[PDB]
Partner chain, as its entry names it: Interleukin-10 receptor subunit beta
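Coming up is one lone chain in structure tokens, specifically the form solved without its partner chain.
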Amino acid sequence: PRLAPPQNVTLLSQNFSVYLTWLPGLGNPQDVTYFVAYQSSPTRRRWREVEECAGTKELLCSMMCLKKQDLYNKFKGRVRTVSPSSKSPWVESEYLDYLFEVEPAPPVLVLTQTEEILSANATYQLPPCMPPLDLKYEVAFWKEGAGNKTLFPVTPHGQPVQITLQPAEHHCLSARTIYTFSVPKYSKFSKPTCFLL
């Protein structure tokens, strides 16, 4: 019984990275594996195997910083179901175009506190192969009780956000990333950091 292909094969970006995900083949047994491949650079193009997801039992595969991967151009992934003595047809994803489709992660806020100056600085753990994206961030600040929040101006990754305080309980900081290539993309806000004062 030939093995039936994966379903809803989807190549997507999340947190600066790219993932291929899929669902099990209709008629299949559990206890099957999957093999994944991707296209190399358009001018030296073939399907290459992802070593990490060779015979994986998972339903996803990280598709970032792969060998011979060109993120400045479109690329597809493919998945096939594999069991010994059998293999399904490949199922390809749609092209993903990283510069235009990457989804930014929230920053990690580095916090310092001078007597009356609260400083928030955005840091990122970026895939080592990532193109040099232009990243900015936006801090939200609020008194844990009093509802109204203050949104500070968009700040380039690399500059801190300075916040002047008022003697006045818990106070809170959050930040989101804005990435603009052709069309602005916003991350969710980071997990708030709340502290006593």
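Residue numbers count along the first chain shown, from 1. Residues that one form lacks are left out of the comparison. For the two forms, the rigid core is made up of the largest set of C-alpha atoms that agree within 1.5 Å on superposition.
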item	value
Deposited-sequence gap flanked by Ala168 and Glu169	1 to 3
Mean C-alpha temperature factor, higher of 139 to 147 and 63 to 71	139 to 147
Of 159 to 167 and 41 to 49, the stretch whose C-alpha atoms average the higher B-factor in the entry	159 to 167
Candidate residues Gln113, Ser93, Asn121, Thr81, the one whose C-alpha B factor the record puts highest	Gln113
Third of the chain's Cα B-factor distribution that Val18 belongs to, per the entry	lowest
Third of chain Cα B-factors occupied by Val102	lowest
Assigned third (lowest, middle, highest) for the C-alpha B factor of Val9	middle
Third of the chain, ranked by Cα B-factor, where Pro153 sits	highest
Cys129 by Cα B-factor - lowest, middle or highest third of the modelled chain	middle
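FYI, the form deposited with its partner chain bound isn't displayed, but the following is about it.
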query: Among the candidates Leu12, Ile178, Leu173, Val9, the residue which, in the bound PDB entry, approaches its partner chain to within 4.5 Å (heavy atoms); finding: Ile178
query: Sole residue of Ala54, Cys65, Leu165, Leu59 within 4.5 Å of its partner chain in the bound PDB entry, by heavy atom; finding: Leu165
query: Touches its partner chain in the bound PDB entry: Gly145 (any heavy atom, 4.5 Å); finding: no
query: Touches its partner chain in the bound PDB entry: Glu116 (any heavy atom, 4.5 Å); finding: yes
query: Proximity of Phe152 to its partner chain in the bound PDB entry, heavy atoms at 4.5 Å; finding: yes
query: Contacts with its partner chain in the bound PDB entry, stretch 61 to 96 (heavy atom within 4.5 Å); finding: none
query: Rigid-core fit between the shown form and the other one, the member of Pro132, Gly147, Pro128, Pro153 whose C-alpha shifts 2 angstroms or more; finding: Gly147
query: Rigid core superposed: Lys67 CA moves 2 Å or more between the shown form and the other one; finding: no
query: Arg44 and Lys76, C-alpha gap in the bound PDB entry relative to this structure (3 Å or more); finding: closer
query: Comparison of CA distance in the bound PDB entry with shown form for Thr43, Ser93, at least 3 Å; finding: closer
query: Displacement runs between the shown form and the other one, C-alpha, 2 Å or more, three or more consecutive residues, core aligned; finding: 43 to 45, 145 to 148
